[PDB]
């Protein structure tokens, strides 16, 4: 399977969900909480749990159980490709100049400093 076919028509909310899981697997309300900080507003859980179940059936996210009241959601290999594919597509269109490039390099470098 190729992620492009199933990961280029997702809503911004669904793409932001996969971006979150790209950092590491989280449970339902942990994704809700880190999405809420991006938007600056509340994220109605009635919007989150259905969007994650759609992302699950498409093969982008997997659903495992921590308790049985809690589910830890994590990207499938296809889902990881979905994030990589869209990141390649943005950098393709952002790295249009030598100036644009190193703006990315320092963006990465700064994020490399943030780990320890």
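Positions refer to the first chain, counted from 1. Think of the rigid core as the biggest set of C-alphas that the two forms share within 1.5 Å after superposition.
*Asks:* Which stretch is less alike in 7 other deposited structures of this protein, 54-62 or 67-75, counting RMS CA distance after the rigid core is superposed?
*Replies:* The stretch that sits farther from the shown form in 7 other deposited structures of this protein is 67-75.
*Asks:* Could you check the entry and say whether 85-93 or 34-42 has the higher mean CA B-factor?
*Replies:* Of 34-42 and 85-93, the stretch with the higher C-alpha B-factor average is 34-42.
*Asks:* Taking the recorded C-alpha temperature factors, which stretch has the higher mean, 76-84 or 22-30?
*Replies:* For C-alpha atoms only, the mean B-factor is higher in 22-30.
*Asks:* Consider only the C-alpha atoms of the modelled residues in this chain, order them by B-factor as the entry records it, and name the third containing residue 58: lowest, middle or highest.
*Replies:* Middle third, going by the recorded CA B-factors of the chain.
*Asks:* Just say lowest, middle or highest third for the CA B-factor of residue 52 relative to the other modelled residues in its chain.
*Replies:* Middle third of the chain for residue 52's C-alpha B-factor.
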